[PDB]
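Protein chains in written order, with the deposited numbering: chain P, 109 to 215; chain A, 1128 to 1224; chain E, 71 to 155; chain U, 3 to 154, 161 to 186, 199 to 1176, 1187 to 1243, 1254 to 1445; chain G, 834 to 919, 933 to 980.
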RNA sequence: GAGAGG
DNA sequence: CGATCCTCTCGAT
Ligand SMILES: [Mg+2]
Ligand SMILES: [Zn+2]
Ligand SMILES: [Zn+2]
Ligand SMILES: [Zn+2]
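Structure representation (structure tokens):
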């Protein structure tokens, strides 16, 4: 987790994935002054396991494509540090049922 | 009277699949075209009463089917062919693999 | 291929409004075309009112094939399906 | 209609789009096509062996057609070919050609960056025949060379040629090298090669589409059925444009063939070559970049195949998605008090034109024989008898028309008869309720008659309206109408989870008049009224009065129309079970106890008679209830009378005097404020102009006046006032109407402001310049009764016009919205797994509406555990058996005293209580404001009330129940409320979730103390209630097959059409200016990056938000303040001595600023004392900010904050004079004094807030809130003093960018919701949720536009149905797309039963 | 008389209230061009023709026109004309399918080119009925 | 094409 | 490249 304060040179941007299996995640200090996950509008996102994703797809007779999607650069996906293919479970309050679970896949 | 898109929409909302088909076929157009099993085009030389059919080029004579579509759809598919586009109509979901 | 066995069926044990309408319609069509009637019509003549009777007394010999979004299906008989509505 | 075919019948399951190989065109061909001339060969009456006919269809109704015979109306027409002398381009593919050209090397014929490039590697990996090629082109368009070899040296296939900078010119390509034009034959040679592996990577198919096929070598010749003839006069030709253009391309081809094998003039040959291209392409598509088309004896230009398919009156929209149909009829409509709700009055002539094809069965043979005997001219008759073979016997001409011995299996096309289901419709069809099934009732006269209570779904009136009737021609098609589309089935609508039909006009008016305590009926009339009810038992009710004369009340006789077991309770304002005012409503067992019957009881209302009767008795019984009420009321009213005259608009002499004085005092308020504004005493509030402030005040005074005058009028009106009477019933008119007719019309508005100065400094040439008085700017002092003056008349006409202009716009605009909404959600439907999916099988919602409930089976119910104090909750739900004061009294239970003490039973009551306290906490976290009334399935209150009557519960005797019976009973009930059924954990938790809020409602209503003390149920009644909830819950579930996409679209779209006024009713305060209505709804749906009113709403620190001071501080901390905003003037003086001023005012400043080289040029700024005080600025702050910009390169001195005139003096530390004037620009325009960039105006607002008090109940606790003009969410949210948890923006695109897709979605709902709500309309959650989810599922915001949804992975035939028809179809062929035919549109195009409702499953034996 | 309907008195309608005359003129000319080829106003029979309307031509006099005072309805041919095809081709004009009335005035004149041209005025009296707008 | 109707 | 629906009548090419 690299916490830069003003900016990152696009030269340094082309060195981010060059050392796998390890992952490097860059976050502007200004973006972290407030934790977005504490906001009214942000529901709880749960990074579900590889096996949980496997059971989810089986239980709803799905394809990864048929699942609702979440962007790699999504403020929440970044916070959780989601990789593409990973599934997140969104537990949200509902005016209809009280509680509702949606699922989004990382792209 | 025109049974427009907006009316087509209300029949979908009601879930009246047959009434919607009847309006767009039995009332209005509805035409029987002969389709090739190979190229899937309205190529087939409809030689009714003499039981012959045949699609030249494909050298097909047995693999033939009859479909019920609006004349406007038949006209469209022909107009697409006129623009060098192949709207190949197939009678089986076969994605083979 | 594909098919779900009778044991393992997860769809509503209830007949849908769309199922009932298509069922009644198909049977009405049959009766309208001199097909045999599986119930004693008591002064009844309209094919639909007859199909409604055959539905009420569960003497409609049809099966609803319920497709799931992957392509698998659940075969339910008019006989087993509960008619609330 | 056609002959019998031996070939097997099958439907279309796939559409493989592609491109024609010239070799495939030649193979498919039947004709050579060498001549451009038609059919006349040297006068001879036949056909030419060139254009149209040589073996491909007759144009003379001749059974002859090249051996195939068949004749027209059977022959599909056959394709011929045409050999082009030189290769040609395709209009549509021109852009793809150039794009393919910028990807492959010319000469070399290979892709540019395979497969070492750490960009092209990632680009090649992406699965798509469009999105892969998108990345590829962008990557190798920059490349100018083929590249000799590649890095780790690595040697591969790559020549040494410079790739041209290709440019499109007219309809040809030009290449730049560092020149020469690009040939059509040249581009082919490159494309002819390529590579099967490389080309499939750039979006092509070896089998169906190759890039060499984008260039035309052999053009397909369409048959005559595509381009038919036949004129108006049978002496001349009359050919199709397509034929004229094909003759034109032939003339161009033979010319090229001549020139080539003749004297080739080198450059003059290319003049004919460019013209063959401006024919081949112009026949497929006219209206391009070049020039249009010629006359050719017809109306220029030529249409072209492209235009033929182009939407709205084009092959797709005008012929496939919609089309003119047989078995249709139309006329003027009329109302009918004496017609049943589900009926339709059919004119005899129409019943006689329209037919039903009935099969001859023993069950009808007698009736059919008689009908055939009556024939086509006597009504219950028929026209046509169809036998075996299919031959139609014309009953109006046949010589045997009076013979005919029917046989079983024959069909009789009988006339439309009483009770036949018919589809009745009113355009525009914004609703599914706009298109409903009725029972035919054949009547005299030429109009369609309809029941008055069906007028609303159709939005019909009888001022000239026309409606359409459609006749089902199949037994299953009639079943579909009677079982799905019927009027009674539609009474309670899913749009707003409430009835869409109610008692209106005369009936609504008379039902009130009948219901008055004063309203009494005598025997004679009573008897007639009773008989007028068809469901009447024959029993005369005992009269309310039995003394000097039997006298029945109106309430009494109207209760005959209400069926038994109907319970309704209301309470309006002063309703007290002794209902002093006769308000509220109490109906027990279908007998009205008290309450005047009006709109709240008998209208389209949420929990009224109609919503109740449908749910309790059923749709068929409810539709009888319409007629029954109509019959009694219409009769009583016919005999009572009801009028309205000029006298009903007249108020008292004294009222008028008071109205007159009310206006004169308003007139003085405006004068005083004017006089004050003109004296410079009026101070403007932060955020708004002195003139804006004035205008806001004047308008309030003026609106107040109209409202005060109007209220004065309304009060004066007696209960016998006919206008007052119609307002009381709710049949016509509101307050405004009374006020404007009787008291004062009021202020006229244009563009939300009072009448503008259209003449210089005046509204009219009858006024003097600069006159801001009410009369001058459009205030109508007079009422329509008194009459308007010419000035007033003109101004009212100006206001009037703005209304008609937007009416005209807020119809064509909303119509376009509605289309887009419908197209985007078309394919969304509920599947057999309770899931919500599109045609691709992609999930939109996992459970429909998040609860899997049908919107029409849901109603607003109070969540009893959420509200009240913690003490009230305790009193209501707590049972402490181990407490003498807090047990259940033995008078509530058979075990009462046997249980006092206990212990084992208190563990169960503690478990019961803990869940209720858990619920209260949970509900308060979901519904923050503490709103209890929410739409939920199963009306528990009603079920309870029904058990109370059914079992005849005596509130005196103790119950036979047990704590176990109640506690376990309710607990087991919860395990039986199925929405889903799978035995797995994912499904079991999804089920657990769906039913959470309903189980809350259930627990709150079925708690031990409630069941015992409140309801006082028995075991019998309790067990019945338990089973009634389960049965009604299971009924309330959505049916797989439900077409929710279209439902949602129409449920949002329809109200949008009814959205009146583009300008918001917030006319008082000028800071309320947020975009609303249809313009806003358009901003939301198009996902407009540049919205008109971007705004932040800032909630302060939880403390600390009541602190008016802390708010002012955060306002100045965030509002963007520059130097320009505080400066009066800037000057440049020549003050050469730095320590001696030339300016005598400044002297004192220079005395100081020496302790605790320069330039002789001084930059001197004067600041405004008031502006510096409006903002939280001091000279020191302004000065130190200028100082911290140029630091050392500028010298800044300044005057003190107390020092009379605010001055800042600057100096630069040859060619100096210009540099300073340059600095001043940066100083004013490019310097932030304080605030956040993009945040222009910040306003302090006091907001109301429902918050829980320390005793439990919700309390109104007001809070200071900041309202912004402009947006910077990221920056403002980090400002200290705010609540970063509550920060909001109407810029949902920014909420998306900062907080994520889920917060973006929630904000997008809030947005859509607000547009609907501002209009006062209500739409069910599930419809807007579905929209918002659809716009959301991709991880971003996809617009309801050709850019948004229409570019998605869906079927080519479904996308082309919307917009960009041809281009969608062109890329479909080029990319060689496959269409599932799983969507509605492709099935409508194919004339196949779509997998929608009825066809969303298969029927087997 | 709800939602914008009205109740009209039949008795006053019998006395003439809101009763009106309706006139419709139908026009035709003998051809546009043809040096020897000229259309003709006549009552057409067989002469191979078969392109007839019928709608009875039976109300036509020998000039191809109906005399004023004859009752016309349905698709009764009101102007009879033929196009010479080298036998006859029908160019007759039927009364508007939905209309009916009495032939009022029949004008036979000549155009500036010397064209025999006709105008036929037909007259209906419209009495206020149920779906009529006021 | 224009004029109109809801 | 979009730009309410449907309905009517008229005249002219
Ligand atoms: Mg109207
Ligand atoms: Zn073939
Ligand atoms: Zn043929
Ligand atoms: Zn090369």
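Just so you know, even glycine gets a beta-carbon here, dropped at the ideal spot from N, CA and C.
For residue 140 (chain E), at least one C-beta of chain P is nearer than 8 Å to its own C-beta. With contacts defined by Cβ atoms closer than 8 Å, residue 535 (chain U) and residue 574 (chain U) form a contacting pair.
Listed in chain order, the positions of the region 1341 to 1365 of chain U with a beta carbon within less than 8 Å of a beta carbon of chain P are 1341, 1342, 1343, 1346, 1347, 1365. Under a criterion of Cβ atoms nearer than 9 Å, the residues of chain A adjacent to residue 88 (chain E) are, in order, 1142, 1144. Inter-residue distance for residue 284 (chain U) and residue 1153 (chain A) is about 59 Å (C-alpha atoms, whole angstroms).
With a threshold of 8 Å between beta carbons, residue 1224 (chain A) makes no contact with chain U.
With contacts defined as CB atoms closer than 8 Å, residue 1267 (chain U) and residue 1230 (chain U) fail to qualify as a contacting pair. Sequence-ordered contacts of the region 1147 to 1160 of chain A with chain U read 1147, 1148, 1149, 1150, 1151, 1152, 1153, 1154, 1155, 1156, 1157, 1158, 1159, 1160 [C-beta pairs closer than 8 Å]. Pairing residue 1184 (chain A) with residue 111 (chain E), the inter-Cα distance amounts to about 59 Å. Closer than 8 Å at the C-beta level to chain G, one finds these residues of the region 472 to 488 of chain U: 472, 475, 480, 481, 482, 483, 484. Near chain G, meaning a CB-to-CB distance below 9 Å, the residues of the region 521 to 544 of chain U are 524, 525, 526, 527.
Of all C-beta pairs linking the region 715 to 728 of chain U to the region 585 to 595 of chain U, fewer than three are shorter than 8 Å, placing the two stretches out of contact. Close to ligand 1, as judged by a C-beta nearer than 5 Å to any of its heavy atoms, are the residues U:481, U:483, U:485, in chain order. For residue 82 (chain U), the distance from the CB to the nearest heavy atom of ligand 3 is not below 7 Å. Per DSSP, reduced to three states, the secondary structure at residue 6 (chain U) is coil, with no helix or strand assignment. If you compare the alpha carbons of P:212, P:202, P:209 with that of residue 946 (chain U), the shortest gap goes to P:202. Taking all protein chains in view, the Cβ of residue 1154 (chain U) is surrounded by fewer than 16 other Cβ atoms within 10 Å, so the residue is classified as exposed. Across the set U:425, U:52, U:12, the C-alpha of U:12 shows the shortest separation from the C-alpha of residue 1161 (chain A). Taken atom to atom, the span from the alpha-carbon of residue 994 (chain U) to that of residue 976 (chain U) is near 30 Å. DSSP places residue 477 (chain U) inside the alpha helix (DSSP H), whose first and last residues are 475 to 478.
At a cut-off of 8 Å between beta-carbon atoms, residue 418 (chain U) makes no contact with chain G. According to DSSP, residue pairing for residue 1156 (chain U) in a beta bridge does not occur.
Counting only beta-carbon distances shorter than 5 Å to the non-hydrogen atoms of ligand 3, the qualifying residues in chain order are U:67, U:70, U:77. Within the same chain, 993, 996, 997 come within 8 Å of residue 1050 (chain U) by CB-CB distance, once the 5 residues on both sides are set aside.
Contact with chain U is found for residue 1183 (chain A), since one of that chain's Cβ atoms lies less than 8 Å from the residue's Cβ. Of the residues U:866, U:457, U:118, U:104, the one whose Cα lies closest to the Cα of residue 135 (chain U) is U:104. With respect to the 8 Å criterion, residue 474 (chain U) and residue 102 (chain E) are not classified as neighbours on the basis of their beta carbons. Comparing alpha-carbon positions, the option among G:980, G:854, G:940, G:868 lying closest to residue 888 (chain G) turns out to be G:940. Set against 7 Å, the gap from the CB of residue 1194 (chain A) to the closest heavy atom of ligand 2 is not smaller. In the structure shown, residue 711 (chain U) adopts helical secondary structure according to DSSP, grouped into three states.
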